[PDB]
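Before any comments, here is the structure.
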Amino acid sequence: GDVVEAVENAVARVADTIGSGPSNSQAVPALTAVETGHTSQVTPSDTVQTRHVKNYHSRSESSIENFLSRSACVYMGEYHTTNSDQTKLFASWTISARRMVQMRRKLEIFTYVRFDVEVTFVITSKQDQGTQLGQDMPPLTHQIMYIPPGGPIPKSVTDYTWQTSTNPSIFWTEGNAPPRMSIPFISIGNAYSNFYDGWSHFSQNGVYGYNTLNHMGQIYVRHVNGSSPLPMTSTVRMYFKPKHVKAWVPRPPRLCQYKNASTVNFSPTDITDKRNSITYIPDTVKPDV
Amino acid sequence: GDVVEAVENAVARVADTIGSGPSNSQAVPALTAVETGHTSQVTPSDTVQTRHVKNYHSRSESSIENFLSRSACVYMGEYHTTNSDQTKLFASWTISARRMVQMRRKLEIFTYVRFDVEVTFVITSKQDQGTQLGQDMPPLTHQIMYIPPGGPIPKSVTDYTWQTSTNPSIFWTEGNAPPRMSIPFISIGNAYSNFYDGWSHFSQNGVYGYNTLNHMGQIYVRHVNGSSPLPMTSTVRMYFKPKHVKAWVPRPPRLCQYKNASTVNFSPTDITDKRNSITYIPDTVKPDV
Amino acid sequence: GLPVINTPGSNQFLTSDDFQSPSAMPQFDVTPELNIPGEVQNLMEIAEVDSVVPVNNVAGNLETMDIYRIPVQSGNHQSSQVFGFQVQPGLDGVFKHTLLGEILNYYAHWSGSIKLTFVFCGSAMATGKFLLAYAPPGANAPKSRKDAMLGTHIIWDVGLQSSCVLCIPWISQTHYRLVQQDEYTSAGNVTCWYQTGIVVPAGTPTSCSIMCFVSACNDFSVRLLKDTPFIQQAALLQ
Amino acid sequence: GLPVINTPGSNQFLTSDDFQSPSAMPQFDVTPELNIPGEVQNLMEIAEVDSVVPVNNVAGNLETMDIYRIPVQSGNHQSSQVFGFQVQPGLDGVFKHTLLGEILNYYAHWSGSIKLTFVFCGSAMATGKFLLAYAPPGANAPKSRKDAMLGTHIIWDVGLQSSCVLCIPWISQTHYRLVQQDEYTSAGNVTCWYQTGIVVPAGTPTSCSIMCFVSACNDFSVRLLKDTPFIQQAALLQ
Amino acid sequence: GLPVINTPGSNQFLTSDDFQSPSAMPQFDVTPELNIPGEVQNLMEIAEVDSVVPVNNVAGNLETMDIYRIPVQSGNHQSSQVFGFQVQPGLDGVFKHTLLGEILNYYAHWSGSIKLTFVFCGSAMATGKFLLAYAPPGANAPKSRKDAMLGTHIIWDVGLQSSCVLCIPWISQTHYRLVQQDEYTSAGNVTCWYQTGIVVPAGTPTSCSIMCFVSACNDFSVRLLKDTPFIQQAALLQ
Amino acid sequence: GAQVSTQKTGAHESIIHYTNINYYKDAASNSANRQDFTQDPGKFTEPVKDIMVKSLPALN
Amino acid sequence: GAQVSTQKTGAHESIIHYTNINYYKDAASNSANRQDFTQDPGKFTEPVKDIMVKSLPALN
Amino acid sequence: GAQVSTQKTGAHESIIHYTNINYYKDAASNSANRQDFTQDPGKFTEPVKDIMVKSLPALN
Amino acid sequence: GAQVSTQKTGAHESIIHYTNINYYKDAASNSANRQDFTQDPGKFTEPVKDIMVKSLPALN
Amino acid sequence: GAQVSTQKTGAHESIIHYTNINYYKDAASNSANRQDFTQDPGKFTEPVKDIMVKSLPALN
């Protein structure tokens with residue numbers, strides 16, 4: 001069907017257990033050759049006598065759409081209402097889903113993915129700690145601005161750049177529902193690439209990996225009231241919920257912890273946990289030993 | 001019909017009183033044998049002369065759905081905006097309807113029940129008592145997070161765990177309508193079991209009763225502004241309204257008071273209230289004695 | 001933007017509201033329904049079932065199987081009334097903790113006829129006739145068999161049919177009575193008398209017990225949900 | 001203005017909600033879709049693929065290719081059990097980091113039959129028969145071949161067909177088991193024994209390895225999404 | 001009151017939103033439309049028009065009509081390359097302030113073939129053949145006519161047809177290139193060489209100028225609106 | 001694609017109905033079935049094999 | 001111009017559907033396709049040319 | 001009295017349309033015509049009387 | 001499933017009607033019946049058996 | 001039971017109409033009649049009995 005539509009029937013039922021009786025033949029379903037690279041299609045009924053079971057179990061929650069389509073924090077940063085640093089007056093990062101692991105490991109199960117994204121922002125502010133704490137600051141209004149690669153970059157909370165005549169921006173005031181919007185599949189290519197065993201330069205050097213393929217611009221966020229007698233500080237959290245998904249060439253789930261955002265680097269890590277012996281099976285069922 | 005649908009006709013009329021006259025026969029409706037375990041089906045017209053009455057009375061309000069389908073407080077707890085205890089900075093419990101009696105006695109009238117649940121939360125905050133009381137705290141925003149059995153558990157108000165990439169969470173700000181959501185029939189079994197005359201271990205020991213069957217995870221709730229110059233404290237109240245109900249094998253209503261949440265334990269209690277003698281009937285109708 | 005006006009009520013939380021709400025678990029596959037025996041559908045199904053009435057709820061019997069036994073005996077005791085009680089199904093001690101009573105206590109209004117089944121538990125060689133009477137309100141409880149027989153009554157003959165049913169027809173000025181009954185919604189009393197003493201042959205016990213069961217007839221209903229007075233707590237971990 | 005009432009839930013942000021939202025890029029012309037090989041559609045497609053089980057996850061093998069080799073040998077070792085392990089696909093070390101295991105860890109419930117494929121990697125001149133048994137819960141692990149053969153099992157004859165499949169049929173009181181398994185949702189164990197020792201001609205190695213692959217059958221499904229225990233971080237720039 | 005839930009986004013002001021809004025001038029009678037010549041409908045109509053390329057954008061020509069003249073002459077200069085430039089329509093000085101360039105700068109992505117028209121402005125008695133070459137990326141700019149002729153090229157014969165068109169076909173790994181071009185979206189270069197020198201009779205100037213025009217072909221499009229780097233201000237009353 | 005059904009009758013012996021539309025993808029989100037009124041006392045008051053006609057003795 | 005399709009079935013073995021209308025001009029604005037459930041394990045579990053009947057040897 | 005037209009196609013090669021109703025009395029209140037895509041380069045690139053076939057000389 | 005009826009006429013001797021839909025399950029929730037205008041003075045002004053024609057004496 | 005009529009034409013020489021529904025029981029609640037454009041100058045500019053043809057003298 002069309003993977004852009006918000007409706008589409010059909011139950012995802014698993015297989016019924018076919019009733020099976022005794023057998024004496026040359027059929028040898030339980031004997032295969034794993035060398036071929038084929039995974040055996042044996043079901044219980046091929047190796048034991050089974051009753052018939054009408055199975056209603058469905059695989060609805062393990063569909064790629066339902067697995068990825070849940071908002072995940074992909075970034076968080078702070079900025080102050082007032083400070084001497086100018087820089088600390090606004091936040092900015094470079095769009096990517098590589099800075100928070102949960103989301104990253106989920107996406108990295110697939111080599112390529114294509115989708116629209118529902119972005120939701122959760123912004124909070126707190127009054128900074130100090131000796132004098134009394135003030136009456138009106139509601140804070142924030143501005144989130146997206147700068148596609150190549151656009152002029154803000155240099156202060158009051159730069160002309162925040163005019164957003166063309167960059168898309170969101171103005172939001174505290175106390176209301178978190179801001180939200182959909183972004184289409186924005187790639188230069190036919191699918192976003194999660195891994196790239198390649199370089200940026202033709203001479204097989206330059207930058208290696210995911211980074212050379214990125215370049216989706218950055219986000220800048222600042223307060224608009226711009227002031228507060230006493231210092232305050234806000235935290236902006238951004239969430240991604242992919243929707244209308246397509247994925248290709250699955251790969252094993254990341255086993256070693258991530259070391260940084262630009263690389264696939266890792267330290268050698270254990271295949272799994274140890275146990276006492278290759279025959280160790282704990283004894284449950286005892287008058288409690 | 002389908003007990004999942006929010007509409008379905010038909011009046012629940014009680015029985016009309018059939019007009020009855022004088023009788024002299026071998027019919028002996030008023031003489032039965034209670035030993036059989038059968039409840040007599042005698043109506044007034046079988047034992048006295050009755051007029052005919054077209055009765056319009058309906059049993060609508062005693063249908064299982066209308067009896068259980070009213071939000072009930074099933075839990076309440078507190079958490080502070082600021083404290084030295086870390087622990088006191090967030091609330092957490094284990095889902096069950098066994099900690100508030102009203103709801104519990106209602107459910108326990110049935111051995112098994114199956115239903116969806118409408119959960120509504122009422123959250124309130126108060127400023128703690130102290131010598132200095134002046135501050136200007138912006139609106140408090142809370143986070144309620146559900147942790148299915150097996151999920152990582154928060155260890156502080158700032159644990160990575162609150163990222164909820166997958167657990168479902170609700171963010172809500174004070175002053176707005178109480179938060180609410182529906183939860184489907186979530187049991188591992190075919191009906192939630194209110195009583196279990198059994199054990200957790202196969203050797204007939206371990207934990208006895210309701211508890212071994214529970215395990216529906218827990219709820220954690222914390223403030224998100226995370227601060228307040230002066231101490232404040234919030235109380236979270238959770239309400240359950242079962243809906244789309246089905247119930248089986250009714251049992252007598254709990255007679256003795258409940259002693260704790262994990263057991264059916266009780267102290268011997270009176271069958272009913274005493275009165276003077278087996279013939280005592282107070283005299284009303286007197287020029288006031 | 002479509003024009004809108006919020007009406008009083010907006011943003012309130014009414015315990016007994018009935019609205020749609022987002023599911024926190026989109027597409028959850030619920031476990032298949034299983035056909036369990038004994039499905040209940042209306043609390044009246046429970047109230048229609050007989051349960052034993054603690055008629056002898058006298059001080060000292062409150063925690064012993066006696067509260068359920070009505071004492072009756074051989075010899076001359078005609079003047080002696082066997083028992084009597086008010087007809088306040090949801091309020092008087094005799095009924096309130098009954099199956100019918102516990103149910104009535106979750107409501108504020110009731111209406112309908114009631115069945116009182118009496119079962120004789122003496123030896124098979126025992127014999128006797130009793131007069132079971134129900135008096136609608138307006139006068140004080142009959143003080144003699146003469147007065148009692150002027151009201152609704154059955155004369156019960158003990159025999160192979162161990163049980164007899166006294167049905168209390170609904171007679172009231174109003175269609176409903178308060179479960180928390182007052183004089184305005186009075187329902188009268190039922191009293192019982194020896195119609196002709198208990199006779200017995202030699203070698204058999206000279207005294208036995210009669211038990212009493214109560215249940216609702218099919219014209220019975222209840223209204224106006226409320227909490228029960230019967231359950232409470234001083235703190236959580238309930 | 002059309003009259004409206006806001007219901008509880010208004011203005012909340014539920015991670016798993018599912019609503020329409022304005023696009024910040026009106027009329028953006030997305031790049032054409034390209035037909036890439038290997039499209040995945042349901043995580044179960046991955047769980048249905050065999051992956052190598054680290055059966056020999058003994059201290060000291062945690063980072064060496066041995067953890068994947070089950071040692072078996074020539075000579076008399078019948079009394080000696082070849083291996084054994086619990087059937088907790090999402091929890092026990094033997095399975096948790098498997099293709100099937102990693103997937104199960106993103107869910108809280110599972111159900112279905114499992115395929116265990118065993119492949120013999122000795123020389124072609126090697127010979128032998130093994131007994132592969134699965135015991136449903138309720139007793140402790142068989143301690144001898146006698147006890148093991150009383151449960152579900154195949155007798156595997158090493159031959160030209162290098163591999164043998166032991167299928168673990170779904171036998172459970174409940175339709176589902178916790179991936180984070182407890183005793184209540186126990187699934188039993190599988191153990192392996194020499195049915196008739198490994199015989200070999202002269203000039204060939206007297207000991208070899210058997211490997212074990214796991215994969216889900218077609219009656220397998222999972223429910224109730226949750227985060228994996230397996231990945232974490234102490235700070236951003238992740 | 002009709003029940004409603006506000007979704008994230010409520011009350012925000014998105015620059016590129018697209019909603020209905022009340023008119024502050026109900027029933028205003030707008031003045032009749034007039035059919036003016038030259039109606040524009042898509043900025044591409046402008047980019048499809050030739051404009052003069054400042055190929056000779058060398059220091060010192062930035063404010064003189066020379067920047068538009070490519071110098072060419074009589075005599076032996078074969079080894080001498082006539083000119084060369086990168087193909088970065090929205091970025092390199094040679095193109096950015098061109099009609100096509102100014103337009104590209106209001107967008108972040110471009111795709112399509114480009115037309116380069118060269119017009120000879122020497123005397124009519126002048127003669128000559130040039131080689132116009134375009135090299136797709138991957139190697140450095142041809143350093144000789146030998147190397148240049150291995151790529152896409154036309155051999156232009158000066159004659160009555162004063163102009164010759166070198167069309168740069170779209171050859172790219174991706175469907176689009178950044179207007180703010182990087183090495184990843186490189187597009188190559190075009191260089192020009194004497195194919196056979198400029199010959200001239202006596203009494204005529206021995207050197208002349210060739211001009212170069214650029215315009216988009218009909219397979220050209222642009223995406224992703226953004227502001228131009230080219231215009232700015234320090235304060236209002238602009 | 002909506003449903004119209006009748007309202008529970010109030011204060012008097014066509015405008016006595018309401019309309020409803022479901023806006024959510026899960027049945028759990030729907031409102032309660034307050035209008036379904038079936039009944040089967042029998043399971044409990046009379047679970048005897050051998051039908052008791054009761055107008056007849058019940059023993060004998 | 002709306003669409004009606006069925007809801008995912010919940011707590012029981014016509015009112016089991018919902019209606020939806022799209023209010024935005026871009027497909028990106030639409031809700032997720034949580035109801036599409038196709039499947040093709042084959043790409044991965046059995047990418048062998050020469051069909052393996054497996055009830056037969058697999059070699060020989 | 002509403003209008004249904006198609007959405008601009010997104011992330012993939014019936015639910016690809018939207019519905020709109022105008023609530024105001026003035027055309028000025030309506031949303032933008034972002035879906036009209038005509039074109040006529042000719043006014044500008046080729047405003048010559050005497051059609052230039054260009055595959056032919058253009059002079060001569 | 002809505003109802004259309006006429007409005008009470010105002011400031012002048014098709015657009016003189018309104019539409020209504022009931023959103024609640026109980027008749028009590030409905031709006032008032034401000035449009036019902038019956039009348040029967042007789043119960044009170046003339047409750048005499050024996051019809052008084054009054055244009056005739058009334059006695060005699 | 002709604003009404004569709006045309007919008008006042010704006011900035012250009014089917015989507016030029018709007019729809020309206022009345023939600024109140026009194027005509028007073030309705031919006032203004034900004035679209036009614038009758039005219040009768042005569043009452044004032046020419047209230048003479050004896051029709052003045054004016055192209056003729058007007059006296060004589």
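Chain labels A, B, ... are given in the sequence in which chains occur in the structure tokens; within each chain residues are numbered consecutively from 1, and ligands are likewise numbered from 1 in the order shown.
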
(request) Show me which bits of chain E are within 9 Å of chain C, counting only C-alpha atoms, as number ranges by chain. (result) E: 1-3, 19-21

Would you write out those residues with C-alpha atoms, as a PDB file, in the first residue's frame?
```pdb
ATOM      1  CA  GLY E   1     -20.518  23.063  24.292  1.00  0.00           C
ATOM      2  CA  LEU E   2     -18.739  20.668  21.870  1.00  0.00           C
ATOM      3  CA  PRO E   3     -15.817  18.762  23.518  1.00  0.00           C
ATOM      4  CA  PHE E  19      -4.811  29.786   7.668  1.00  0.00           C
ATOM      5  CA  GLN E  20      -7.948  31.808   7.086  1.00  0.00           C
ATOM      6  CA  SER E  21      -8.205  35.131   9.091  1.00  0.00           C
TER       7      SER E  21
END
```

Post-fit chain F coords, all in-order Cα pairs vs chain J, as an mmCIF file with N, CA and C atoms, in the first residue's frame:
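File part-v7.cif, as written:
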```cif
data_model
loop_
_atom_site.group_PDB
_atom_site.id
_atom_site.type_symbol
_atom_site.label_atom_id
_atom_site.label_comp_id
_atom_site.auth_asym_id
_atom_site.auth_seq_id
_atom_site.Cartn_x
_atom_site.Cartn_y
_atom_site.Cartn_z
ATOM 1 N N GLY F 1 -28.757 22.527 9.082
ATOM 2 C CA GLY F 1 -29.551 23.046 7.920
ATOM 3 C C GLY F 1 -28.921 24.402 7.652
ATOM 4 N N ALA F 2 -27.892 24.366 6.819
ATOM 5 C CA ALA F 2 -27.102 25.544 6.492
ATOM 6 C C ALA F 2 -27.338 26.277 5.169
ATOM 7 N N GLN F 3 -26.760 27.477 5.068
ATOM 8 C CA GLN F 3 -26.897 28.301 3.869
ATOM 9 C C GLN F 3 -25.553 28.675 3.282
ATOM 10 N N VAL F 4 -25.495 28.572 1.962
ATOM 11 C CA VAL F 4 -24.301 28.921 1.235
ATOM 12 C C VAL F 4 -24.651 30.068 0.301
ATOM 13 N N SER F 5 -23.843 31.119 0.357
ATOM 14 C CA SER F 5 -24.064 32.252 -0.530
ATOM 15 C C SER F 5 -22.673 32.747 -0.904
ATOM 16 N N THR F 6 -22.597 33.675 -1.849
ATOM 17 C CA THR F 6 -21.310 34.153 -2.337
ATOM 18 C C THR F 6 -20.634 35.231 -1.516
ATOM 19 N N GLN F 7 -19.313 35.280 -1.637
ATOM 20 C CA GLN F 7 -18.497 36.251 -0.925
ATOM 21 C C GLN F 7 -18.402 37.535 -1.750
ATOM 22 N N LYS F 8 -18.055 38.652 -1.107
ATOM 23 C CA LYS F 8 -17.872 39.904 -1.844
ATOM 24 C C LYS F 8 -16.555 39.671 -2.571
ATOM 25 N N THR F 9 -16.539 39.959 -3.857
ATOM 26 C CA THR F 9 -15.347 39.750 -4.624
ATOM 27 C C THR F 9 -14.142 40.677 -4.317
ATOM 28 N N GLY F 10 -12.950 40.059 -4.185
ATOM 29 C CA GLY F 10 -11.697 40.765 -3.883
ATOM 30 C C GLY F 10 -10.603 40.707 -4.969
ATOM 31 N N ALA F 11 -9.369 41.111 -4.608
ATOM 32 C CA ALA F 11 -8.160 41.185 -5.481
ATOM 33 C C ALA F 11 -7.942 40.410 -6.825
ATOM 34 N N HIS F 12 -9.012 40.150 -7.615
ATOM 35 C CA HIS F 12 -8.966 39.475 -8.973
ATOM 36 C C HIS F 12 -10.279 39.558 -9.848
ATOM 37 N N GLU F 13 -10.093 39.796 -11.176
ATOM 38 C CA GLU F 13 -11.160 39.924 -12.213
ATOM 39 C C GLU F 13 -12.008 38.672 -12.430
ATOM 40 N N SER F 14 -16.420 29.587 -7.715
ATOM 41 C CA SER F 14 -16.544 28.325 -6.892
ATOM 42 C C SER F 14 -15.992 28.408 -5.427
ATOM 43 N N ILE F 15 -14.759 28.894 -5.250
ATOM 44 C CA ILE F 15 -14.183 29.045 -3.905
ATOM 45 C C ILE F 15 -14.489 30.497 -3.489
ATOM 46 N N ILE F 16 -15.375 31.135 -4.254
ATOM 47 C CA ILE F 16 -15.767 32.465 -3.919
ATOM 48 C C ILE F 16 -17.080 32.466 -3.173
ATOM 49 N N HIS F 17 -17.265 31.486 -2.290
ATOM 50 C CA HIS F 17 -18.398 31.532 -1.368
ATOM 51 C C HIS F 17 -18.177 30.916 -0.008
ATOM 52 N N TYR F 18 -19.086 31.239 0.901
ATOM 53 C CA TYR F 18 -18.957 30.814 2.282
ATOM 54 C C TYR F 18 -20.190 30.132 2.803
ATOM 55 N N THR F 19 -20.048 29.418 3.905
ATOM 56 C CA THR F 19 -21.221 28.759 4.406
ATOM 57 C C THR F 19 -21.521 29.303 5.815
ATOM 58 N N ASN F 20 -22.796 29.347 6.175
ATOM 59 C CA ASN F 20 -23.179 29.835 7.494
ATOM 60 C C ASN F 20 -24.279 28.972 8.138
ATOM 61 N N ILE F 21 -24.240 28.813 9.468
ATOM 62 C CA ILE F 21 -25.270 28.076 10.226
ATOM 63 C C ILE F 21 -25.588 28.977 11.426
ATOM 64 N N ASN F 22 -26.873 29.119 11.737
ATOM 65 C CA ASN F 22 -27.309 29.935 12.870
ATOM 66 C C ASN F 22 -27.421 29.049 14.088
ATOM 67 N N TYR F 23 -26.791 29.463 15.180
ATOM 68 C CA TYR F 23 -26.804 28.639 16.362
ATOM 69 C C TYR F 23 -27.751 29.106 17.442
ATOM 70 N N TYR F 24 -28.378 30.273 17.259
ATOM 71 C CA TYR F 24 -29.258 30.842 18.300
ATOM 72 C C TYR F 24 -30.748 30.850 18.012
ATOM 73 N N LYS F 25 -31.557 30.917 19.071
ATOM 74 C CA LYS F 25 -32.998 30.845 18.864
ATOM 75 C C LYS F 25 -33.696 32.127 18.482
ATOM 76 N N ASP F 26 -32.984 33.257 18.542
ATOM 77 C CA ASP F 26 -33.564 34.570 18.229
ATOM 78 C C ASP F 26 -32.929 35.228 17.016
ATOM 79 N N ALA F 27 -33.734 35.815 16.144
ATOM 80 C CA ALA F 27 -33.156 36.474 14.972
ATOM 81 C C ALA F 27 -32.180 37.597 15.365
ATOM 82 N N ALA F 28 -32.390 38.179 16.539
ATOM 83 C CA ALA F 28 -31.518 39.250 16.977
ATOM 84 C C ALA F 28 -30.061 38.780 17.082
ATOM 85 N N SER F 29 -29.883 37.505 17.386
ATOM 86 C CA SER F 29 -28.540 36.986 17.523
ATOM 87 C C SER F 29 -27.808 36.883 16.183
ATOM 88 N N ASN F 30 -28.534 36.858 15.067
ATOM 89 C CA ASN F 30 -27.838 36.713 13.785
ATOM 90 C C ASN F 30 -26.880 37.843 13.441
ATOM 91 N N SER F 31 -25.984 37.576 12.487
ATOM 92 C CA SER F 31 -25.027 38.580 12.035
ATOM 93 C C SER F 31 -25.722 39.631 11.150
ATOM 94 N N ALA F 32 -25.008 40.685 10.777
ATOM 95 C CA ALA F 32 -25.600 41.771 9.991
ATOM 96 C C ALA F 32 -25.913 41.393 8.525
ATOM 97 N N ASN F 33 -26.839 42.135 7.882
ATOM 98 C CA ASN F 33 -27.212 41.914 6.461
ATOM 99 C C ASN F 33 -26.382 42.847 5.657
ATOM 100 N N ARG F 34 -25.101 42.522 5.543
ATOM 101 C CA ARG F 34 -24.203 43.397 4.829
ATOM 102 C C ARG F 34 -24.273 43.142 3.335
ATOM 103 N N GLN F 35 -25.068 42.161 2.935
ATOM 104 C CA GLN F 35 -25.104 41.851 1.527
ATOM 105 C C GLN F 35 -26.330 42.283 0.771
ATOM 106 N N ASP F 36 -27.258 42.918 1.461
ATOM 107 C CA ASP F 36 -28.462 43.410 0.810
ATOM 108 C C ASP F 36 -28.175 44.814 0.203
ATOM 109 N N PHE F 37 -28.301 44.958 -1.128
ATOM 110 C CA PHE F 37 -28.030 46.259 -1.773
ATOM 111 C C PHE F 37 -29.148 46.857 -2.643
ATOM 112 N N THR F 38 -30.336 47.090 -2.086
ATOM 113 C CA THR F 38 -31.420 47.704 -2.868
ATOM 114 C C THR F 38 -31.191 49.221 -2.953
ATOM 115 N N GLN F 39 -32.116 49.930 -3.599
ATOM 116 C CA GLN F 39 -32.011 51.383 -3.777
ATOM 117 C C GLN F 39 -33.241 51.991 -4.464
ATOM 118 N N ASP F 40 -33.645 53.165 -4.001
ATOM 119 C CA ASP F 40 -34.799 53.843 -4.551
ATOM 120 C C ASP F 40 -34.645 55.349 -4.333
ATOM 121 N N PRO F 41 -33.749 56.004 -5.111
ATOM 122 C CA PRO F 41 -33.525 57.446 -4.962
ATOM 123 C C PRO F 41 -34.800 58.247 -5.141
ATOM 124 N N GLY F 42 -35.658 57.782 -6.049
ATOM 125 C CA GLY F 42 -36.919 58.449 -6.334
ATOM 126 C C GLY F 42 -37.699 59.086 -5.187
ATOM 127 N N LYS F 43 -37.862 58.378 -4.055
ATOM 128 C CA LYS F 43 -38.605 58.911 -2.905
ATOM 129 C C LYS F 43 -38.174 60.363 -2.658
ATOM 130 N N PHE F 44 -36.887 60.593 -2.859
ATOM 131 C CA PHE F 44 -36.309 61.876 -2.576
ATOM 132 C C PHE F 44 -35.961 62.774 -3.771
ATOM 133 N N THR F 45 -35.324 62.216 -4.801
ATOM 134 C CA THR F 45 -34.919 63.007 -5.976
ATOM 135 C C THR F 45 -35.955 62.873 -7.064
ATOM 136 N N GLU F 46 -37.125 63.490 -6.926
ATOM 137 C CA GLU F 46 -38.188 63.343 -7.942
ATOM 138 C C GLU F 46 -39.566 62.951 -7.341
ATOM 139 N N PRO F 47 -39.933 63.487 -6.140
ATOM 140 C CA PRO F 47 -41.229 63.156 -5.525
ATOM 141 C C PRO F 47 -42.382 64.039 -6.082
ATOM 142 N N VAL F 48 -42.395 64.234 -7.404
ATOM 143 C CA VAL F 48 -43.388 65.068 -8.097
ATOM 144 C C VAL F 48 -44.467 64.204 -8.763
ATOM 145 N N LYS F 49 -45.767 64.508 -8.568
ATOM 146 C CA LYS F 49 -46.847 63.741 -9.249
ATOM 147 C C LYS F 49 -46.749 64.432 -10.570
ATOM 148 N N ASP F 50 -47.152 63.790 -11.662
ATOM 149 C CA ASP F 50 -46.960 64.397 -12.998
ATOM 150 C C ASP F 50 -45.455 64.153 -13.362
ATOM 151 N N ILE F 51 -45.206 63.020 -14.026
ATOM 152 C CA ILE F 51 -43.871 62.572 -14.448
ATOM 153 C C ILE F 51 -43.069 63.591 -15.299
ATOM 154 N N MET F 52 -41.911 64.020 -14.786
ATOM 155 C CA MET F 52 -41.057 64.966 -15.510
ATOM 156 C C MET F 52 -40.079 64.203 -16.421
ATOM 157 N N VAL F 53 -40.378 64.220 -17.726
ATOM 158 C CA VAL F 53 -39.594 63.534 -18.763
ATOM 159 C C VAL F 53 -38.186 64.110 -18.992
ATOM 160 N N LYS F 54 -37.983 65.355 -18.571
ATOM 161 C CA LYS F 54 -36.693 66.065 -18.714
ATOM 162 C C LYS F 54 -35.749 65.582 -19.866
ATOM 163 N N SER F 55 -36.059 66.219 -20.996
ATOM 164 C CA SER F 55 -35.479 66.177 -22.340
ATOM 165 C C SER F 55 -36.505 67.134 -23.030
ATOM 166 N N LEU F 56 -37.608 67.387 -22.294
ATOM 167 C CA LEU F 56 -38.727 68.289 -22.655
ATOM 168 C C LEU F 56 -38.600 69.555 -21.778
ATOM 169 N N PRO F 57 -39.342 70.630 -22.096
ATOM 170 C CA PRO F 57 -39.149 71.783 -21.210
ATOM 171 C C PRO F 57 -39.274 71.725 -19.637
ATOM 172 N N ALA F 58 -40.279 71.046 -19.065
ATOM 173 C CA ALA F 58 -40.479 70.994 -17.583
ATOM 174 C C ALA F 58 -41.491 72.060 -17.122
ATOM 175 N N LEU F 59 -41.799 72.998 -18.023
ATOM 176 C CA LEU F 59 -42.789 74.055 -17.810
ATOM 177 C C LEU F 59 -43.565 74.249 -19.120
ATOM 178 N N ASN F 60 -43.620 75.467 -19.661
ATOM 179 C CA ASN F 60 -44.362 75.736 -20.929
ATOM 180 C C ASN F 60 -45.914 75.819 -20.729
#
```

(request) List every residue of segment 4-53 of chain H that DSSP, applied to the backbone of this structure, places in strand (DSSP E or B), and write the result as an NGL selection string. (result) :H and (4-6 or 8 or 17-20 or 26)

For the residues in that selection, give me C-alpha atoms as a PDB file, in the first residue's frame.
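Ended up saving to out11.pdb:
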```pdb
ATOM      1  CA  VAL H   4     -11.813  18.524  -1.424  1.00  0.00           C
ATOM      2  CA  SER H   5      -8.576  18.611  -3.367  1.00  0.00           C
ATOM      3  CA  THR H   6      -5.290  16.702  -3.214  1.00  0.00           C
ATOM      4  CA  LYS H   8       1.243  17.814  -2.110  1.00  0.00           C
ATOM      5  CA  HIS H  17      -6.221  14.697   0.163  1.00  0.00           C
ATOM      6  CA  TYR H  18      -7.700  17.310   2.429  1.00  0.00           C
ATOM      7  CA  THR H  19     -10.923  19.123   2.868  1.00  0.00           C
ATOM      8  CA  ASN H  20     -11.483  22.867   3.299  1.00  0.00           C
ATOM      9  CA  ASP H  26     -14.375  38.217   2.063  1.00  0.00           C
TER      10      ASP H  26
END
```

(message) What are the residues of chain A lining chain G at 9 Å or less? Count only C-alpha atoms, and put the answer as a ChimeraX atom specification.
(response) /A:1,3-12,26-33,36-42,46,59-61,63-66,69,115-118,181-185,242-245
